[PDB]
Amino acid sequence: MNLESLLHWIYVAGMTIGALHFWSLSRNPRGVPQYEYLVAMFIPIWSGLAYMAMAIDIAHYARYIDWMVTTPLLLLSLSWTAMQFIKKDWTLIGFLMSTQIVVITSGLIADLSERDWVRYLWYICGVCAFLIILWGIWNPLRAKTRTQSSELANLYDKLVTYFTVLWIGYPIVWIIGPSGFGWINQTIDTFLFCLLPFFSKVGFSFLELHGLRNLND
Amino acid sequence: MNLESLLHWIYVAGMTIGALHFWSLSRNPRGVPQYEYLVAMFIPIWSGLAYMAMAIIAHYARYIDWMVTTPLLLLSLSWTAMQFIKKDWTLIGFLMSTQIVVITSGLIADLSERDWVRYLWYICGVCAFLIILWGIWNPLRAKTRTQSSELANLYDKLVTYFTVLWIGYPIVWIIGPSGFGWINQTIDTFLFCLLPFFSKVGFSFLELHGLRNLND
Ligand SMILES: *C/C=C(C)/C=C/C=C(C)/C=C/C1=C(C)CCCC1(C)C
Ligand SMILES: *C/C=C(C)/C=C/C=C(C)/C=C/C1=C(C)CCCC1(C)C
């Protein structure tokens with residue numbers, strides 16, 4: 001077992017404990033609907049299985065297949081929270097989910113590219129889609145909370161802030177590592193791509209679910 | 001000049017004449033707002049330039065064309081569906097983004113070494129495309145039911161035409177060198193010249209003349 005494998009196995013253990021936690025919470029719901037629990041549970045399982053694949057073995061192909069599914073589901077969870085006590089705006093949800101899939105596919109195309117100028121344009125394409133996500137979660141998604149209580153609005157702000165900080169991390173780590181400028185080697189890059197998603201997948205959903213449970217009482 | 005190059009140049013001239021026509025119509029608009037003309041003009045210009053580049057993976061620029069023109073085509077279709085009502089921009093964005101997923105999936109599929117990987121990405125693109133088809137036939141179609149039956153009937157003809165052509169793309173892809181290889185690159189190129197002509201000039205021609213005739 002090499003270092004990358006070990007980091008991946010640790011991440012797999014992390015996902016496993018978070019999903020069990022979310023499962024445990026789902027059994028004593030405290031006013032939180034089951035669909036929120038189930039998505040919160042599915043995210044780390046999907047990511048867990050993708051990382052397990054890498055642990056058993058372009059580099060880290062499975063990382064993209066993880067993101068293909070987990071990142072729109074994370075936006076779904078964020079969107080459910082913003083609209084917790086109102087009608088769910090499904091086309092807004094759909095907008096955010098699909099735009100986020102463009103970010104990931106752009107990243108993958110970028111990483112599959114042999115010419116540097118092409119690689120970076122696809123990266124920029126990914127960043128642009130990501131900027132639309134950030135505009136989306138800070139403006140129209142955020143305005144949905146204004147018709148609801150300030151407890152919910154405050155919870156959202158905390159969640160969207162935590163969400164934003166972590167998500168900005170991905171394009172940065174991508175571009176400083178072997179896929180981009182090569183300022184860091186693959187093993188350190190893998191390490192950051194374990195630490196960052198643990199907080200995005202377990203950390204975020206943990207704050208989401210506990211926030212919603214305390215808000216209900 | 002070889003055969004594909006000639007086909008791409010004929011396509012360029014096709015795009016050029018379509019773009020001039022729509023520009024000409026915009027000067028006597030008949031109640032059709034300028035933004036609909038401008039998108040109708042932009043589509044074949046973008047496509048023409050991508051094909052011009054090709055005339056001067058195989059056919060990369062074909063995807064870069066699609067990256068832009070297919071969501072713009074969905075923008076036009078949407079504007080038509082909501083011609084005499086408030087624009088549902090989140091519905092528009094959903095269709096536009098989902099359509100970009102179709103194209104990026106298509107490209108990733110075409111970039112894939114392993115066959116099983118190629119085909120899964122193809123399937124993913126087909127799934128996103130199925131969601132587009134559901135979108136244009138259901139929530140987008142429902143927008144027309146609040147408006148006049150003349151508009152509703154026009155949309156019905158337009159969405160049918162739109163749907164028929166768009167189904168051709170995943171077919172032409174899979175039967176050519178990117179898929180099963182039932183047809184060579186030259187014939188594949190020929191189809192990828194015919195189909196877009198009808199999707200870009202044909203559809204916008206029917207959209208614009210349909211809306212103008214509806215207003216009188
Ligand atoms: C659990 C995993 C998460 C939340 C991953 C998020 C990943 C991103 C926000 C990736 C963004 C990228 C760009 C904005 C530019 C292209 C490169 C990507 C895919 C790393
Ligand atoms: C002017 C060009 C147009 C309207 C192109 C449309 C292209 C498609 C609808 C392509 C669809 C595909 C799939 C559904 C599966 C993946 C392969 C593609 C990209 C050919």
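Each ligand, and each atom within it, is numbered from 1 in the order the structure gives. Below, read A as the first sequence line, B as the second, and so on, with proteins coming before strands; counting in each chain starts at 1.
- Every side-chain hydrogen bond (donor to acceptor under 3.5 Å, both in side chains) that B:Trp173 has, sequence neighbours left out, goes to B:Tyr63.
- Remark: ligand 1 atoms within the under-4.0 Å shell around heavy atoms of A:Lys201 are 1 (C), 2 (C), 3 (C).
- Taking a cut-off of under 4.0 Å to the non-hydrogen atoms of B:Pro170, the atoms of ligand 2 that pass are 11 (C), 13 (C), 14 (C).
- In this structure, atom 17 (C) of ligand 2 lies nearest to the protein heavy atom B:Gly106 CA, 3.9 Å.
- The nearest non-hydrogen atom to atom 20 (C) of ligand 2, considering only B:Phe162, B:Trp173, B:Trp166, B:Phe197, comes from B:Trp173.
- For the 3.5 Å distance criterion, the side chains of A:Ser98 and B:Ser97 fail to qualify, holding no donor opposite an acceptor.
- The nearest protein atom to atom 12 (C) of ligand 2, hydrogens excluded, is given as B:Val102 CG1, 3.8 Å; this is a heavy-atom distance.
- Residue contacts with ligand 1, taken as heavy atom pairs separated by less than 4.0 Å, involve A:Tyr123 via backbone and side-chain atoms alike.
- Of all atoms in ligand 2, numbered sequentially from 1 with element shown, those under 4.0 Å from a heavy atom of B:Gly125 are 14 (C), 15 (C).
- Between the side chains of B:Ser47 and B:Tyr11, at least one donor-acceptor pair of N or O atoms lies under 3.5 Å.
- With hydrogens and angles left out, the side-chain atoms of B:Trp137 and B:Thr163 include a donor and acceptor closer than 3.5 Å.
- Across every non-hydrogen atom of A:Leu96 and A:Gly136, the tightest pair is CD2-CA, 4.1 Å.
- Heavy-atom proximity to A:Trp67, at under 4.0 Å, picks out these atoms of ligand 1: 2 (C), 20 (C).
- Residues B:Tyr37 and B:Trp23 keep their aromatic ring centres 6.0 Å or farther apart.
- Applying the ring pair (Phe, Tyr, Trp, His ring centres under 6.0 Å) criterion to A:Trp183, with sequence neighbours excluded, gives A:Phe181.
- Interface of B:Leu73 with ligand 2, defined as ligand atoms under 4.0 Å from a residue heavy atom, comprises 4 (C).
- In this structure, atom 4 (C) of ligand 2 has a protein heavy-atom contact shorter than 4.0 Å.
- Between A:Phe204 and A:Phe163, the ring-plane angle classifies as perpendicular under the 30° and 60° cut-offs.
- B:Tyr169 CB, 3.4 Å is the protein heavy atom nearest to atom 8 (C) of ligand 2.
- Against a heavy-atom cut-off of under 4.0 Å, A:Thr71 is close to the following atoms of ligand 1: 2 (C), 3 (C), 4 (C), 5 (C), 6 (C).
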